[PDB]
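Enquirer: Quick one: this structure, given as structure tokens, is what I'll be asking you about.
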Amino acid sequence: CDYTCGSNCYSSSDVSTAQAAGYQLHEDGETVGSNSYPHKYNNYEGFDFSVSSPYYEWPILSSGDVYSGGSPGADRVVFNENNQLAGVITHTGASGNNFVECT
Ligand SMILES: Nc1nc2c(ncn2[C@@H]2O[C@H](CO)[C@@H](O)[C@H]2OP(=O)(O)O)c(=O)[nH]1
Ligand code: NA
Ligand code: NA
């Protein structure tokens, strides 16, 4: 696994595919789903991302398909304004409504 979010296993191609879809919607000024993804990720957790902000979060799904407006699940891809990958985060293993980084 390139990224492990709890029990979910993601390759760098699964991440690139998810990011490309979130980035396109972001540029278009449109969102999908009841929680309106993609949307800004503030970095309250204080992850040390090596690319610049602003950051946006978009769901990445364990099933392998691109998020298509249903349940976002626990996992997210985080990307910035230049379509650079910041990281992959999850609610799995985090307390409250915080996130932890996938490893
Ligand atoms: N845990 C977490 N939630 C965030 C972050 N950025 C935005 N959100 C949350 O995502 C949702 C969409 O904006 C809001 O509930 C917002 O929470 P706050 O209301 O606390 O800002 C972040 O860095 N961490
Ligand atoms: Na809009
Ligand atoms: Na809890």
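Lettering and numbering for the structure tokens are positional, with chains as A, B, ... in the shown order, residues counted from 1 in each chain, and ligands counted from 1 in the shown order.
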Can you list, as number ranges by chain, every residue of chain A that DSSP puts in alpha helix (DSSP H)?
Expert: A: 12-28
Enquirer: Do a neighbour search on residue 88 of chain A at 7 Å with only C-alpha atoms, toss out local chain neighbours closer than 3 positions, and write the hits as a VMD selection string.
Expert: chain A and resid 76 to 78 101 to 102
Enquirer: Using N, CA and C atoms, can you write the selected residues to a file as an mmCIF file, in the first residue's frame?
Expert:
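See part.cif below for the written result:
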```cif
data_model
loop_
_atom_site.group_PDB
_atom_site.id
_atom_site.type_symbol
_atom_site.label_atom_id
_atom_site.label_comp_id
_atom_site.auth_asym_id
_atom_site.auth_seq_id
_atom_site.Cartn_x
_atom_site.Cartn_y
_atom_site.Cartn_z
ATOM 1 N N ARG A 76 -9.930 11.041 2.752
ATOM 2 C CA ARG A 76 -9.851 12.200 1.896
ATOM 3 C C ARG A 76 -8.494 12.330 1.293
ATOM 4 N N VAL A 77 -8.479 12.857 0.088
ATOM 5 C CA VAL A 77 -7.298 13.348 -0.606
ATOM 6 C C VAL A 77 -7.307 14.853 -0.353
ATOM 7 N N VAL A 78 -6.136 15.423 -0.081
ATOM 8 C CA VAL A 78 -5.949 16.861 0.109
ATOM 9 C C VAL A 78 -5.017 17.343 -0.986
ATOM 10 N N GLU A 101 -3.347 11.418 9.602
ATOM 11 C CA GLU A 101 -2.782 11.169 8.287
ATOM 12 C C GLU A 101 -2.754 9.694 7.977
ATOM 13 N N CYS A 102 -2.969 9.317 6.723
ATOM 14 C CA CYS A 102 -2.797 7.927 6.303
ATOM 15 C C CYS A 102 -1.292 7.695 6.161
#
```
Enquirer: Which residues are close to segment 49-58 of chain A, i.e. within 12 Å by only C-alpha atoms, leaving aside same-chain residues fewer than 5 positions away? Reply as a PyMOL selection string.
Expert: chain A and resi 15-27+31-33+35-44+66-69+71-90+99+101
Enquirer: Give me, as a CSV table (one decimal) with N, CA, C and O atoms, in the first residue's frame, the set of residues whose atoms come within 9 Å of any atom of ligand 2, counting only C-alpha atoms and all ligand atoms.
Expert:
```csv
chain,number,residue,atom,x,y,z
A,28,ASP,N,-14.0,24.6,-11.5
A,28,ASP,CA,-15.3,25.0,-12.2
A,28,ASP,C,-16.2,25.7,-11.2
A,28,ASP,O,-17.2,26.2,-11.7
A,29,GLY,N,-15.9,25.8,-9.9
A,29,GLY,CA,-16.7,26.5,-8.9
A,29,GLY,C,-17.9,25.7,-8.6
A,29,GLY,O,-19.0,26.3,-8.4
A,30,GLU,N,-17.9,24.4,-8.8
A,30,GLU,CA,-19.0,23.5,-8.5
A,30,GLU,C,-18.7,22.4,-7.5
A,30,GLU,O,-17.5,22.1,-7.2
A,31,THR,N,-19.7,21.9,-6.8
A,31,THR,CA,-19.5,20.9,-5.8
A,31,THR,C,-20.6,19.8,-6.1
A,31,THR,O,-21.6,20.0,-6.7
```
Enquirer: Counting only C-alpha atoms and all ligand atoms, which protein, DNA or RNA residues come within 8 Å of ligand 3, given as a list in words?
Expert: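 The neighbouring residues of ligand 3 are, in order, residues 95, 96 and 97 of chain A.
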Enquirer: Would you return as a PyMOL selection string the members of chain A that DSSP assigns to strand (DSSP E) on this structure's backbone?
Expert: chain A and resi 3-5+8-10+39-41+55-59+75-80+85-90+100-101
Enquirer: Counting only C-alpha atoms and all ligand atoms, which residue out of A:7, A:45, A:70, A:60 sits closest to ligand 1?
Expert: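 Answer, going by the shortest atom-to-atom distance: A:45.
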Enquirer: May I ask which of the residues A:34, A:103, A:8, A:62 is the closest one to ligand 1, counting only C-alpha atoms and all ligand atoms?
Expert: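 That would be A:34, the residue with the smallest distance to ligand 1.
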Enquirer: Between A:92, A:59, A:9, A:46, single out the one closest to ligand 1, counting only C-alpha atoms and all ligand atoms.
Expert: A:46
Enquirer: Using only C-alpha atoms and all ligand atoms for the distances, tell me which of A:10, A:47, A:5, A:64 is nearest to ligand 1.
Expert: A:47
